[PDB]
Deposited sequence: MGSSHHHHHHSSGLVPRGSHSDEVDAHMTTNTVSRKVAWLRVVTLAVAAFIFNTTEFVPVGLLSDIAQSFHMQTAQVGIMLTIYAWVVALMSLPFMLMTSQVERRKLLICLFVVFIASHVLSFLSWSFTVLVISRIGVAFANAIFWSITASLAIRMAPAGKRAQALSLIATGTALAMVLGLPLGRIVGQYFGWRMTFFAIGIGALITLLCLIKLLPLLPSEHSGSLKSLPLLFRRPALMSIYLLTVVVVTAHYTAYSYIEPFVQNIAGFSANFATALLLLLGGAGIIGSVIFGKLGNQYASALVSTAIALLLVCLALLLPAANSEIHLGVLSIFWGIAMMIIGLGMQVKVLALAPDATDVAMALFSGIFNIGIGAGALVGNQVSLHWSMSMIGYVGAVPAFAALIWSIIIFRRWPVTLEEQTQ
């Protein structure tokens, strides 16, 4: 009953925390406009947010292992809210980026403890309540947040996100009850696990070289309307939900085959992004594949990480999330460079290189370790 109420207030927080990671992709120009930059330069806020989560997610999780979670959640929420107020009234791109380092700290801690808190209250579908909040962040959180950005501006988008957290924080204060390192070398010494981390960083770099700049790409390269970009992002968000269900149905026994097929499919979408940019329905139909491909890739490797480190899922997850974010920041940076020094239309072809590498690498490591 109220058990459900608290797992539910956890899911709305998941949705809120994931939406703010996502929304900069759909406010890049709006943000660029307010600070007089080209849209690609704004990509630095993505790199910098993702690398701070990466370098901190494993350290943060350890240092906060002895803190009771209700006290922990409140502090991370306070940091989160304060940071979004700071994004709203930020007086320089530098101040905006500094606010984004603040939200990165809260996110890093927040994803440490949120699955554990979901299972503590009654369980398997208590966990799916946290995932569906992520899911909603994808198909609703990012698209709606862009629409708010277009009407009210990007600052109000960040301001609204913090207010929602604040409302969520208060529900958590009423609803929450009292909530009372040596694995790295062993995990390092598992080449099958290390190979998945390697795969993860390469393939995520591939995807985010293009995905980070899809908004300026759609409007300034494909030259479609601002509202076409918003629809594409809902397609991608809904395509991700689609990929999420096929994986959930066949992932436990076809994860390797699913991962490599999805990587092949992602490679193909990257290479055909600029060619498909002349037809709005080609881009829209491409993005449906793109969205399906990338979410199957991400969950397949997450399931490999679990299958390879059941003895230490916490640090393995902290490691997986960390290296996943390194690929996020690398994708934005490479995308940033291809856009500034070459052009944003090669964004699809440059992302294709590492996606190809990752394909071959996936094909190799699944031959070498085929039973999980």
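Annotation: deposited residues 1-35, 158-161, 220-225, 418-423 are not represented by C-alpha coordinates in the model.
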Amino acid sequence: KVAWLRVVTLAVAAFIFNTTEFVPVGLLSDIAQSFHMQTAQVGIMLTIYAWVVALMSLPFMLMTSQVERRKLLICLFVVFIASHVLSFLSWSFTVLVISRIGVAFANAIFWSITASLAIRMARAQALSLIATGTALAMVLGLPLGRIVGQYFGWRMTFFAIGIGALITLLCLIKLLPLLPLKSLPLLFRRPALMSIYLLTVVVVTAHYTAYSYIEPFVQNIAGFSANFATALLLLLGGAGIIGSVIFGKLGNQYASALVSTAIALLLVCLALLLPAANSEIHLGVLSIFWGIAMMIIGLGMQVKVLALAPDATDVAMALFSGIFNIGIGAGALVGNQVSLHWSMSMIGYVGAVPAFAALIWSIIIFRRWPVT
From here on, numbers count along this sequence of modelled residues.
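Checked against the record, the higher mean CA B factor of 196-204 and 104-112 lies with 104-112. Here the stretch with the larger average CA B-factor, out of 166-174 and 123-131, is 123-131. Reading the B-factor column for the CA atoms of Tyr213, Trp154, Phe228, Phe188 in the entry, the top value corresponds to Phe228. The PDB entry assigns the greatest CA B-factor among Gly329, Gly26, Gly322, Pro310 to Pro310. For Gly237, the recorded CA B-factor ranks within the middle third of the chain. Only modelled residues enter the ranking. When the CA B factors of the chain's modelled residues are split into thirds, the value for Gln66 lands in the highest one. Among the modelled residues of its chain, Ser90 has a C-alpha B-factor that falls in the lowest third, as given in the PDB entry.
Among all modelled residues in this chain, the alpha-carbon of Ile363 has a temperature factor (C-alpha) in the middle third. Among all modelled residues in this chain, the alpha-carbon of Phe224 has a temperature factor (C-alpha) in the highest third.
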